[PDB]
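A.B. asks: File structure22.cif follows (mmCIF, C-alpha atoms):
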data_protein
loop_
_atom_site.group_PDB
_atom_site.id
_atom_site.type_symbol
_atom_site.label_atom_id
_atom_site.label_comp_id
_atom_site.auth_asym_id
_atom_site.auth_seq_id
_atom_site.Cartn_x
_atom_site.Cartn_y
_atom_site.Cartn_z
ATOM 1 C CA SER A 1 0.000 0.000 0.000
ATOM 2 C CA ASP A 2 1.453 3.366 -1.222
ATOM 3 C CA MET A 3 0.990 6.981 0.031
ATOM 4 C CA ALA A 4 -2.205 7.446 -2.053
ATOM 5 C CA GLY A 5 -3.605 4.189 -0.664
ATOM 6 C CA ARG A 6 -2.781 5.098 2.943
ATOM 7 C CA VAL A 7 -4.702 8.404 2.428
ATOM 8 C CA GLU A 8 -7.861 6.726 1.119
ATOM 9 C CA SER A 9 -8.160 4.322 4.084
ATOM 10 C CA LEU A 10 -6.943 6.853 6.681
ATOM 11 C CA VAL A 11 -9.279 9.752 5.865
ATOM 12 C CA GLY A 12 -11.022 9.179 2.525
ATOM 13 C CA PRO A 13 -13.126 10.228 0.783
ATOM 14 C CA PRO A 14 -13.669 6.979 -1.104
ATOM 15 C CA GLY A 15 -12.128 6.982 -4.582
ATOM 16 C CA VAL A 16 -9.445 9.576 -3.724
ATOM 17 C CA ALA A 17 -6.522 7.173 -4.037
ATOM 18 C CA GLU A 18 -6.828 6.911 -7.843
ATOM 19 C CA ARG A 19 -7.021 10.720 -8.147
ATOM 20 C CA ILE A 20 -3.997 11.313 -5.909
ATOM 21 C CA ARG A 21 -1.783 8.900 -7.911
ATOM 22 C CA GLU A 22 -2.719 10.608 -11.129
ATOM 23 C CA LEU A 23 -2.255 14.135 -9.760
ATOM 24 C CA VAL A 24 0.994 13.455 -7.872
ATOM 25 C CA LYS A 25 2.711 12.027 -10.935
ATOM 26 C CA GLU A 26 1.880 15.179 -12.975
ATOM 27 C CA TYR A 27 2.033 17.900 -10.309
ATOM 28 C CA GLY A 28 3.985 16.725 -7.289
ATOM 29 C CA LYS A 29 2.680 16.188 -3.755
ATOM 30 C CA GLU A 30 2.089 19.805 -2.794
ATOM 31 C CA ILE A 31 0.007 20.993 -5.779
ATOM 32 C CA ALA A 32 -1.742 17.611 -5.923
ATOM 33 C CA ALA A 33 -2.932 18.204 -2.341
ATOM 34 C CA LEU A 34 -4.497 21.558 -3.267
ATOM 35 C CA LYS A 35 -6.197 20.183 -6.450
ATOM 36 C CA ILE A 36 -7.674 17.430 -4.306
ATOM 37 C CA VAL A 37 -8.989 20.190 -1.919
ATOM 38 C CA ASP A 38 -10.540 21.890 -4.985
ATOM 39 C CA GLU A 39 -12.165 18.668 -6.239
ATOM 40 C CA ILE A 40 -13.567 17.788 -2.841
ATOM 41 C CA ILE A 41 -15.019 21.308 -2.428
ATOM 42 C CA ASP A 42 -16.266 21.264 -5.981
ATOM 43 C CA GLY A 43 -18.156 18.009 -5.165
ATOM 44 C CA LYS A 44 -16.188 15.559 -7.280
ATOM 45 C CA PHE A 45 -16.394 12.953 -4.404
ATOM 46 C CA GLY A 46 -20.043 13.653 -3.618
ATOM 47 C CA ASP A 47 -22.100 16.591 -2.408
ATOM 48 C CA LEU A 48 -20.874 16.433 1.151
ATOM 49 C CA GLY A 49 -23.656 18.587 2.605
ATOM 50 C CA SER A 50 -22.877 21.576 4.783
ATOM 51 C CA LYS A 51 -19.787 23.833 4.267
ATOM 52 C CA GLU A 52 -18.491 22.385 7.507
ATOM 53 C CA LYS A 53 -18.592 18.799 6.159
ATOM 54 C CA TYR A 54 -16.739 20.003 3.073
ATOM 55 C CA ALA A 55 -14.220 21.772 5.389
ATOM 56 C CA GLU A 56 -13.559 18.640 7.521
ATOM 57 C CA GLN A 57 -13.057 16.305 4.612
ATOM 58 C CA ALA A 58 -10.814 18.759 2.723
ATOM 59 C CA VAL A 59 -8.601 19.561 5.709
ATOM 60 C CA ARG A 60 -7.990 15.931 6.639
ATOM 61 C CA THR A 61 -7.477 14.657 3.131
ATOM 62 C CA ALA A 62 -5.116 17.524 2.221
ATOM 63 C CA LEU A 63 -3.110 17.256 5.366
ATOM 64 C CA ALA A 64 -2.849 13.413 4.940
ATOM 65 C CA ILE A 65 -1.470 13.912 1.467
ATOM 66 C CA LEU A 66 1.136 16.454 2.575
ATOM 67 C CA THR A 67 2.345 14.374 5.577
ATOM 68 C CA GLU A 68 2.479 11.269 3.367
ATOM 69 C CA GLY A 69 -0.077 9.417 5.373
ATOM 70 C CA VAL A 70 2.638 8.633 7.961
ATOM 71 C CA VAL A 71 1.339 10.661 10.975
ATOM 72 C CA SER A 72 -1.948 10.637 12.876
ATOM 73 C CA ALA A 73 -2.401 14.479 12.604
ATOM 74 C CA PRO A 74 -5.236 14.153 9.915
ATOM 75 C CA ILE A 75 -7.099 11.808 12.178
ATOM 76 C CA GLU A 76 -6.380 11.737 15.985
ATOM 77 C CA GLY A 77 -4.582 15.082 15.899
ATOM 78 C CA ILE A 78 -7.601 17.154 14.839
ATOM 79 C CA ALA A 79 -10.768 16.706 16.977
ATOM 80 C CA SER A 80 -12.852 18.741 14.581
ATOM 81 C CA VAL A 81 -12.999 21.528 12.004
ATOM 82 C CA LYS A 82 -15.659 24.110 12.672
ATOM 83 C CA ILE A 83 -17.066 27.197 11.042
ATOM 84 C CA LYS A 84 -17.604 30.060 13.529
ATOM 85 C CA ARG A 85 -18.138 33.793 13.664
ATOM 86 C CA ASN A 86 -16.247 36.834 14.907
ATOM 87 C CA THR A 87 -19.212 37.756 17.100
ATOM 88 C CA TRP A 88 -17.210 40.337 19.221
ATOM 89 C CA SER A 89 -16.416 42.099 16.055
ATOM 90 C CA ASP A 90 -18.305 41.931 12.729
ATOM 91 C CA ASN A 91 -19.883 38.471 13.083
ATOM 92 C CA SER A 92 -17.897 37.363 9.960
ATOM 93 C CA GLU A 93 -17.515 33.635 9.298
ATOM 94 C CA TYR A 94 -14.113 31.987 9.801
ATOM 95 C CA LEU A 95 -12.618 28.454 10.144
ATOM 96 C CA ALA A 96 -11.377 26.818 13.323
ATOM 97 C CA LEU A 97 -9.289 23.769 13.828
ATOM 98 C CA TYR A 98 -9.693 21.971 17.169
ATOM 99 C CA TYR A 99 -6.561 20.094 17.960
ATOM 100 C CA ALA A 100 -6.712 17.125 20.316
ATOM 101 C CA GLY A 101 -3.968 16.073 22.733
ATOM 102 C CA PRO A 102 -2.454 13.540 20.367
ATOM 103 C CA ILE A 103 -1.478 16.293 17.874
ATOM 104 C CA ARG A 104 1.665 16.175 20.083
ATOM 105 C CA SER A 105 2.517 12.863 18.265
ATOM 106 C CA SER A 106 2.885 14.607 14.960
ATOM 107 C CA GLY A 107 5.925 16.780 14.460
ATOM 108 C CA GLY A 108 5.925 20.563 14.065
ATOM 109 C CA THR A 109 6.025 20.279 10.305
ATOM 110 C CA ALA A 110 2.644 18.477 10.151
ATOM 111 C CA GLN A 111 1.272 20.826 12.855
ATOM 112 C CA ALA A 112 2.327 23.858 10.725
ATOM 113 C CA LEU A 113 0.919 22.398 7.554
ATOM 114 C CA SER A 114 -2.539 21.759 9.176
ATOM 115 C CA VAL A 115 -2.769 25.548 9.654
ATOM 116 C CA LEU A 116 -1.719 26.315 6.082
ATOM 117 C CA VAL A 117 -4.249 23.691 4.866
ATOM 118 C CA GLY A 118 -6.837 25.315 7.155
ATOM 119 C CA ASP A 119 -6.256 28.666 5.448
ATOM 120 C CA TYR A 120 -6.473 27.310 1.900
ATOM 121 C CA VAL A 121 -9.646 25.402 2.682
ATOM 122 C CA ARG A 122 -11.424 28.444 4.333
ATOM 123 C CA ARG A 123 -10.545 30.577 1.251
ATOM 124 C CA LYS A 124 -11.862 27.994 -1.163
ATOM 125 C CA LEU A 125 -15.027 27.987 0.883
ATOM 126 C CA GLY A 126 -15.358 31.746 0.839
ATOM 127 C CA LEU A 127 -14.798 32.131 4.576
ATOM 128 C CA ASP A 128 -13.375 35.234 6.201
ATOM 129 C CA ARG A 129 -10.341 35.326 8.557
ATOM 130 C CA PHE A 130 -10.477 34.716 12.284
ATOM 131 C CA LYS A 131 -10.303 38.163 13.885
ATOM 132 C CA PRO A 132 -9.389 37.409 17.541
ATOM 133 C CA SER A 133 -10.366 40.208 20.018
ATOM 134 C CA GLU A 134 -7.745 41.459 22.485
ATOM 135 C CA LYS A 135 -8.908 38.949 25.029
ATOM 136 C CA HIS A 136 -8.274 36.064 22.545
ATOM 137 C CA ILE A 137 -4.800 37.302 21.930
ATOM 138 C CA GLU A 138 -3.945 37.718 25.656
ATOM 139 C CA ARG A 139 -5.547 34.401 26.443
ATOM 140 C CA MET A 140 -2.987 32.679 24.131
ATOM 141 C CA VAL A 141 -0.021 34.669 25.490
ATOM 142 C CA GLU A 142 -1.134 33.441 28.925
ATOM 143 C CA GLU A 143 -1.668 29.817 27.827
ATOM 144 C CA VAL A 144 1.741 29.554 26.123
ATOM 145 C CA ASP A 145 3.711 30.712 29.179
ATOM 146 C CA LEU A 146 1.550 28.646 31.588
ATOM 147 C CA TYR A 147 1.865 25.410 29.584
ATOM 148 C CA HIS A 148 5.606 25.976 29.119
ATOM 149 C CA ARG A 149 6.311 26.288 32.867
ATOM 150 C CA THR A 150 3.782 23.937 34.390
ATOM 151 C CA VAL A 151 2.922 21.316 31.780
ATOM 152 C CA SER A 152 5.674 20.705 29.340
ATOM 153 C CA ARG A 153 8.670 22.726 28.105
ATOM 154 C CA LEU A 154 8.109 23.952 24.533
ATOM 155 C CA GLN A 155 10.817 22.862 22.029
ATOM 156 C CA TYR A 156 10.260 26.389 20.704
ATOM 157 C CA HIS A 157 9.349 28.922 23.370
ATOM 158 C CA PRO A 158 8.038 32.022 21.646
ATOM 159 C CA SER A 159 8.237 35.393 23.384
ATOM 160 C CA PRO A 160 4.861 37.008 24.359
ATOM 161 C CA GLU A 161 5.443 39.313 21.311
ATOM 162 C CA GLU A 162 5.838 36.321 19.035
ATOM 163 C CA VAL A 163 2.544 34.927 20.319
ATOM 164 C CA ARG A 164 0.830 38.277 19.585
ATOM 165 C CA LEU A 165 2.291 38.435 16.097
ATOM 166 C CA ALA A 166 1.112 34.885 15.300
ATOM 167 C CA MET A 167 -2.265 35.576 16.823
ATOM 168 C CA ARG A 168 -2.816 38.822 14.911
ATOM 169 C CA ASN A 169 -1.911 37.173 11.649
ATOM 170 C CA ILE A 170 -2.873 33.516 11.559
ATOM 171 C CA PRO A 171 -6.164 33.497 9.566
ATOM 172 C CA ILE A 172 -7.752 30.530 11.184
ATOM 173 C CA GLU A 173 -8.419 29.904 14.875
ATOM 174 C CA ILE A 174 -6.052 27.450 16.424
ATOM 175 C CA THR A 175 -7.842 26.032 19.395
ATOM 176 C CA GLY A 176 -9.010 22.740 20.900
ATOM 177 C CA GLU A 177 -10.157 20.600 23.842
ATOM 178 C CA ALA A 178 -8.671 21.090 27.296
ATOM 179 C CA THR A 179 -5.695 18.766 27.471
ATOM 180 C CA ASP A 180 -4.525 19.605 31.009
ATOM 181 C CA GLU A 181 -6.494 20.762 34.071
ATOM 182 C CA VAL A 182 -4.937 24.154 34.728
ATOM 183 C CA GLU A 183 -7.382 26.982 35.284
ATOM 184 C CA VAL A 184 -6.592 30.134 33.327
ATOM 185 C CA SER A 185 -6.704 33.880 34.171
ATOM 186 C CA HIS A 186 -8.457 35.376 31.048
ATOM 187 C CA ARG A 187 -11.651 33.262 31.348
ATOM 188 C CA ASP A 188 -15.030 33.046 29.445
ATOM 189 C CA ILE A 189 -13.898 34.285 26.029
ATOM 190 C CA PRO A 190 -16.823 34.181 23.573
ATOM 191 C CA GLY A 191 -15.477 31.479 21.186
ATOM 192 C CA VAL A 192 -13.425 29.495 23.788
ATOM 193 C CA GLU A 193 -15.457 26.640 25.370
ATOM 194 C CA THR A 194 -12.736 25.835 27.924
ATOM 195 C CA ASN A 195 -11.227 27.849 30.689
ATOM 196 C CA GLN A 196 -8.415 25.245 31.006
ATOM 197 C CA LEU A 197 -5.234 24.770 28.918
ATOM 198 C CA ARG A 198 -5.519 24.097 25.192
ATOM 199 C CA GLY A 199 -2.422 21.876 24.780
ATOM 200 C CA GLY A 200 -3.045 20.892 21.151
ATOM 201 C CA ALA A 201 -3.513 24.531 20.083
ATOM 202 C CA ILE A 202 -0.411 25.669 22.097
ATOM 203 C CA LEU A 203 1.907 23.142 20.415
ATOM 204 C CA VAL A 204 0.546 23.844 16.969
ATOM 205 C CA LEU A 205 1.152 27.506 17.399
ATOM 206 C CA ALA A 206 4.591 27.449 19.191
ATOM 207 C CA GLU A 207 6.205 24.203 17.911
ATOM 208 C CA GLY A 208 4.302 24.331 14.603
ATOM 209 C CA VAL A 209 3.817 27.653 12.926
ATOM 210 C CA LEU A 210 6.612 29.597 14.716
ATOM 211 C CA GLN A 211 9.246 26.874 15.161
ATOM 212 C CA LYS A 212 8.769 25.443 11.596
ATOM 213 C CA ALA A 213 8.182 28.836 9.960
ATOM 214 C CA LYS A 214 11.076 28.479 7.485
ATOM 215 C CA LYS A 215 9.920 24.998 6.404
ATOM 216 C CA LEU A 216 6.343 26.279 6.154
ATOM 217 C CA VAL A 217 7.488 29.246 4.003
ATOM 218 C CA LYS A 218 8.927 26.777 1.524
ATOM 219 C CA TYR A 219 5.591 24.916 1.276
ATOM 220 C CA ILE A 220 3.863 28.288 0.818
ATOM 221 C CA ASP A 221 6.253 29.026 -2.114
ATOM 222 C CA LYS A 222 5.811 25.546 -3.589
ATOM 223 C CA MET A 223 2.080 26.010 -3.466
ATOM 224 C CA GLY A 224 2.079 29.617 -4.619
ATOM 225 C CA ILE A 225 -0.069 30.567 -1.599
ATOM 226 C CA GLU A 226 -0.756 34.347 -0.997
ATOM 227 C CA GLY A 227 -1.417 36.090 2.282
ATOM 228 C CA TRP A 228 1.491 34.736 4.361
ATOM 229 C CA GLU A 229 4.026 37.603 3.824
ATOM 230 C CA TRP A 230 4.041 38.179 7.565
ATOM 231 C CA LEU A 231 5.576 34.686 8.074
ATOM 232 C CA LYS A 232 8.199 35.329 5.381
ATOM 233 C CA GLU A 233 9.144 38.539 7.260
ATOM 234 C CA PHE A 234 9.100 36.756 10.611
ATOM 235 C CA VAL A 235 11.626 34.107 9.342
ATOM 236 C CA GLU A 236 13.790 36.749 7.668
ATOM 237 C CA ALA A 237 13.845 38.924 10.832
ATOM 238 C CA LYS A 238 14.733 35.991 13.104
ATOM 239 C CA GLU A 239 17.661 34.868 10.892
ATOM 240 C CA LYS A 240 19.035 38.418 10.573
ATOM 241 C CA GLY A 241 18.611 39.099 14.345
ATOM 242 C CA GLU A 242 16.299 42.038 13.587
ATOM 243 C CA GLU A 243 13.602 42.730 16.216
ATOM 244 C CA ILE A 244 10.015 41.578 15.739
#
Starting from the coordinates I provided, produce the structure as structure tokens.
C.D. replies:
Amino acid sequence: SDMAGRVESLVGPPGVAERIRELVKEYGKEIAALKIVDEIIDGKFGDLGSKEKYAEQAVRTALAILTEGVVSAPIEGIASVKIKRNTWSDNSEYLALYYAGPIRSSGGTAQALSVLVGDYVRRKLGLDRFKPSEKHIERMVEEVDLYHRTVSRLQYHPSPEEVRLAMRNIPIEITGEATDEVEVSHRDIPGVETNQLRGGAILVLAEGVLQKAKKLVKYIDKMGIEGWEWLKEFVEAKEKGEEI
């Protein structure tokens, strides 16, 4: 059983293996993943129903493709993919990825890609960006430091400023279940069902997007994806030793 075959049985949808083989040979893994996203959303594997069902299938299949079907991120790592609104703000629709505890079993590269995939899927679906309030931002700043010190040292420990930067710019909501019982300071935030620590979301953001930024930028180039200039500049600044 090859990569394409692993993907069909891991996440589906049924029939996707044949299409992946055909598209990978002609386009390479990265572009093939995005054309699969397009075909799923366009209904080539069935009318899936609600935008959310399209979103879930597209995220998981695309991420499976890009991680070669060798990690559990597309399955156990992501609890669910949800469409939500910026109620505090303009009530605009945006995508959210809920990461479960076992996202910690996928590396930072797969964690980073799930976010990039997230973005591409929400655009294809016509969704707006997540527009976290100030409280969402500060909640994450708080969670990152708290998890670092009292749950598990982060392989990449972003400064508070790095967390803000990532929060102001990442166009989907990185969030999840509570993975660890540690009550938080900034509590009852509109879109945040838990007042405990979101371990899955914390890793994906620190060890994923920020730690694997350079690697992610390369996928962004290989895929011709727009809208991530801020991550290009973040990488560039960190290598040069220029301030954020």
A.B. asks: For the interface of segment 183-223 of chain A with segment 63-70 of chain A (cut-off 12 Å, counting all atoms listed in the file), please tabulate each contacting residue of segment 183-223 of chain A alongside its nearest pair of atoms and their separation in Å to one decimal, rows sorted by chain and increasing number, as a Markdown table.
C.D. replies:
| residue | atom | partner | partner_atom | distance |
| --- | --- | --- | --- | --- |
| A:216 | CA | A:66 | CA | 11.7 |
| A:219 | CA | A:66 | CA | 9.7 |
| A:222 | CA | A:66 | CA | 11.9 |
| A:223 | CA | A:66 | CA | 11.3 |
A.B. asks: Hey, what comes out of the PyMOL selection byres ((chain A and resi 12) around 10) on this file? Could you write it as a list in words?
C.D. replies: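 That expression, the PyMOL selection byres ((chain A and resi 12) around 10), corresponds here to residues 5, 6, 7, 8, 9, 10, 11, 13, 14, 15, 16, 17, 45, 57, 58, 60, 61 and 64 of chain A.
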A.B. asks: Selection from above, C-alpha atoms, as an mmCIF file, in the frame of the given file, can you write it?
C.D. replies:
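Wrote it out as again.cif, contents follow:
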data_model
loop_
_atom_site.group_PDB
_atom_site.id
_atom_site.type_symbol
_atom_site.label_atom_id
_atom_site.label_comp_id
_atom_site.auth_asym_id
_atom_site.auth_seq_id
_atom_site.Cartn_x
_atom_site.Cartn_y
_atom_site.Cartn_z
ATOM 1 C CA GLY A 5 -3.605 4.189 -0.664
ATOM 2 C CA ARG A 6 -2.781 5.098 2.943
ATOM 3 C CA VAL A 7 -4.702 8.404 2.428
ATOM 4 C CA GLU A 8 -7.861 6.726 1.119
ATOM 5 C CA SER A 9 -8.160 4.322 4.084
ATOM 6 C CA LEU A 10 -6.943 6.853 6.681
ATOM 7 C CA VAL A 11 -9.279 9.752 5.865
ATOM 8 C CA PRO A 13 -13.126 10.228 0.783
ATOM 9 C CA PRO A 14 -13.669 6.979 -1.104
ATOM 10 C CA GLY A 15 -12.128 6.982 -4.582
ATOM 11 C CA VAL A 16 -9.445 9.576 -3.724
ATOM 12 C CA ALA A 17 -6.522 7.173 -4.037
ATOM 13 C CA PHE A 45 -16.394 12.953 -4.404
ATOM 14 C CA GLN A 57 -13.057 16.305 4.612
ATOM 15 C CA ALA A 58 -10.814 18.759 2.723
ATOM 16 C CA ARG A 60 -7.990 15.931 6.639
ATOM 17 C CA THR A 61 -7.477 14.657 3.131
ATOM 18 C CA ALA A 64 -2.849 13.413 4.940
#
A.B. asks: Between A:25, A:135, A:198, A:232, which is the closest to residue 101 of chain A once you count only C-alpha atoms?
C.D. replies: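 Counting only C-alpha atoms, the residue closest to residue 101 of chain A is A:198.
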A.B. asks: Measuring between only C-alpha atoms, which one of A:90, A:178, A:164, A:100 shows the shortest distance to residue 134 of chain A?
C.D. replies: A:164
A.B. asks: Any idea what the distance is between atom CA of residue 190 of chain A and atom CA of residue 136 of chain A?
C.D. replies: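 Distance reported for this atom pair: 8.8 Å.
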A.B. asks: Selected by the PyMOL selection byres ((chain A and resi 154-162) around 7) in the shown coordinates: which residues, as an mmCIF file with C-alpha atoms, keeping the file's coordinate frame?
C.D. replies:
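Printed below is expr.cif as written:
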data_model
loop_
_atom_site.group_PDB
_atom_site.id
_atom_site.type_symbol
_atom_site.label_atom_id
_atom_site.label_comp_id
_atom_site.auth_asym_id
_atom_site.auth_seq_id
_atom_site.Cartn_x
_atom_site.Cartn_y
_atom_site.Cartn_z
ATOM 1 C CA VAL A 141 -0.021 34.669 25.490
ATOM 2 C CA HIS A 148 5.606 25.976 29.119
ATOM 3 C CA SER A 152 5.674 20.705 29.340
ATOM 4 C CA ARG A 153 8.670 22.726 28.105
ATOM 5 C CA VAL A 163 2.544 34.927 20.319
ATOM 6 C CA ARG A 164 0.830 38.277 19.585
ATOM 7 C CA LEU A 165 2.291 38.435 16.097
ATOM 8 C CA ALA A 166 1.112 34.885 15.300
ATOM 9 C CA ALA A 206 4.591 27.449 19.191
ATOM 10 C CA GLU A 207 6.205 24.203 17.911
ATOM 11 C CA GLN A 211 9.246 26.874 15.161
#
A.B. asks: Within 7 Å of residue 201 of chain A, counting all atoms listed in the file, which residues show up once you throw out same-chain ones fewer than 5 positions away? Write them as number ranges by chain, please.
C.D. replies: A: 99, 174-176
A.B. asks: Please return as an mmCIF file with C-alpha atoms, keeping the file's coordinate frame every residue within 12 Å of (-12.7, 23.6, 26.2), taking into account only C-alpha atoms and the file's own coordinates.
C.D. replies:
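Once everything was written out, this is selection-v3.cif:
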data_model
loop_
_atom_site.group_PDB
_atom_site.id
_atom_site.type_symbol
_atom_site.label_atom_id
_atom_site.label_comp_id
_atom_site.auth_asym_id
_atom_site.auth_seq_id
_atom_site.Cartn_x
_atom_site.Cartn_y
_atom_site.Cartn_z
ATOM 1 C CA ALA A 79 -10.768 16.706 16.977
ATOM 2 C CA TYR A 98 -9.693 21.971 17.169
ATOM 3 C CA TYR A 99 -6.561 20.094 17.960
ATOM 4 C CA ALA A 100 -6.712 17.125 20.316
ATOM 5 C CA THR A 175 -7.842 26.032 19.395
ATOM 6 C CA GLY A 176 -9.010 22.740 20.900
ATOM 7 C CA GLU A 177 -10.157 20.600 23.842
ATOM 8 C CA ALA A 178 -8.671 21.090 27.296
ATOM 9 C CA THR A 179 -5.695 18.766 27.471
ATOM 10 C CA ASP A 180 -4.525 19.605 31.009
ATOM 11 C CA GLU A 181 -6.494 20.762 34.071
ATOM 12 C CA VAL A 182 -4.937 24.154 34.728
ATOM 13 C CA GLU A 183 -7.382 26.982 35.284
ATOM 14 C CA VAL A 184 -6.592 30.134 33.327
ATOM 15 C CA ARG A 187 -11.651 33.262 31.348
ATOM 16 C CA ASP A 188 -15.030 33.046 29.445
ATOM 17 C CA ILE A 189 -13.898 34.285 26.029
ATOM 18 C CA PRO A 190 -16.823 34.181 23.573
ATOM 19 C CA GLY A 191 -15.477 31.479 21.186
ATOM 20 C CA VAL A 192 -13.425 29.495 23.788
ATOM 21 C CA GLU A 193 -15.457 26.640 25.370
ATOM 22 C CA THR A 194 -12.736 25.835 27.924
ATOM 23 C CA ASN A 195 -11.227 27.849 30.689
ATOM 24 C CA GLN A 196 -8.415 25.245 31.006
ATOM 25 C CA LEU A 197 -5.234 24.770 28.918
ATOM 26 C CA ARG A 198 -5.519 24.097 25.192
ATOM 27 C CA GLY A 199 -2.422 21.876 24.780
ATOM 28 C CA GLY A 200 -3.045 20.892 21.151
ATOM 29 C CA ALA A 201 -3.513 24.531 20.083
#
A.B. asks: Please compute the atom CA of residue 225 of chain A-atom CA of residue 115 of chain A distance, one decimal, in Å.
C.D. replies: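 Separation between atom CA of residue 225 of chain A and atom CA of residue 115 of chain A: 12.6 Å.
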A.B. asks: Which residue is closest to residue 4 of chain A? Choose from A:205, A:97, A:62, A:103 and count all atoms listed in the file.
C.D. replies: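 Answer, going by the shortest atom-to-atom distance: A:62.
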A.B. asks: To one decimal place, how far is atom CA of residue 149 of chain A from atom CA of residue 107 of chain A in Å?
C.D. replies: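 So the answer is 20.7 Å.
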A.B. asks: Near residue 84 of chain A, within 7 Å and counting all atoms listed in the file, which residues show up once chain neighbours fewer than 5 positions away are dropped, as a list in words?
C.D. replies: residues 93, 94 and 95 of chain A
A.B. asks: Determine the residue membership of the PyMOL selection byres ((chain A and resi 123-126) around 8) for the file above and supply it as number ranges by chain.
C.D. replies: A: 38, 41, 51, 55, 119-122, 127-128
A.B. asks: Looking at A:32, A:235, A:91, A:20, which one is nearest to residue 209 of chain A, with distances taken over all atoms listed in the file?
C.D. replies: A:235
A.B. asks: How about completing segment 165-178 of chain A with N, CA, C and O atoms and giving it to me as a CSV table (one decimal), in the frame of the given file?
C.D. replies:
chain,number,residue,atom,x,y,z
A,165,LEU,N,2.1,38.5,17.5
A,165,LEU,CA,2.3,38.4,16.1
A,165,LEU,C,1.6,37.3,15.3
A,165,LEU,O,0.9,37.6,14.3
A,166,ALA,N,1.7,36.1,15.8
A,166,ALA,CA,1.1,34.9,15.3
A,166,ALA,C,-0.4,35.0,15.5
A,166,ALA,O,-1.2,34.7,14.5
A,167,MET,N,-0.9,35.4,16.6
A,167,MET,CA,-2.3,35.6,16.8
A,167,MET,C,-2.9,36.7,15.9
A,167,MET,O,-4.0,36.4,15.4
A,168,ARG,N,-2.2,37.7,15.7
A,168,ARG,CA,-2.8,38.8,14.9
A,168,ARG,C,-2.9,38.4,13.5
A,168,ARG,O,-3.7,38.9,12.7
A,169,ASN,N,-2.0,37.5,13.1
A,169,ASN,CA,-1.9,37.2,11.6
A,169,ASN,C,-2.4,35.8,11.2
A,169,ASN,O,-2.8,35.7,10.0
A,170,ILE,N,-2.4,34.8,12.0
A,170,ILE,CA,-2.9,33.5,11.6
A,170,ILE,C,-4.4,33.5,11.2
A,170,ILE,O,-5.2,33.8,12.1
A,171,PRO,N,-4.8,33.2,10.0
A,171,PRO,CA,-6.2,33.5,9.6
A,171,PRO,C,-7.1,32.5,10.0
A,171,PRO,O,-8.3,32.6,9.7
A,172,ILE,N,-6.7,31.4,10.6
A,172,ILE,CA,-7.8,30.5,11.2
A,172,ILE,C,-7.5,30.5,12.7
A,172,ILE,O,-6.5,30.9,13.1
A,173,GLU,N,-8.5,30.0,13.4
A,173,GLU,CA,-8.4,29.9,14.9
A,173,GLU,C,-7.8,28.6,15.2
A,173,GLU,O,-8.3,27.5,14.9
A,174,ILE,N,-6.7,28.6,15.9
A,174,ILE,CA,-6.1,27.4,16.4
A,174,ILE,C,-6.5,27.3,17.8
A,174,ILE,O,-6.3,28.1,18.7
A,175,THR,N,-7.2,26.2,18.1
A,175,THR,CA,-7.8,26.0,19.4
A,175,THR,C,-8.0,24.6,19.6
A,175,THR,O,-7.2,23.8,19.0
A,176,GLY,N,-8.8,24.2,20.6
A,176,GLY,CA,-9.0,22.7,20.9
A,176,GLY,C,-9.7,22.4,22.3
A,176,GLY,O,-10.2,23.3,23.0
A,177,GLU,N,-9.7,21.1,22.6
A,177,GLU,CA,-10.2,20.6,23.8
A,177,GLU,C,-9.2,21.1,24.9
A,177,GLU,O,-8.2,21.8,24.6
A,178,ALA,N,-9.6,20.9,26.2
A,178,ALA,CA,-8.7,21.1,27.3
A,178,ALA,C,-7.9,19.9,27.4
A,178,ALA,O,-8.4,18.8,27.4
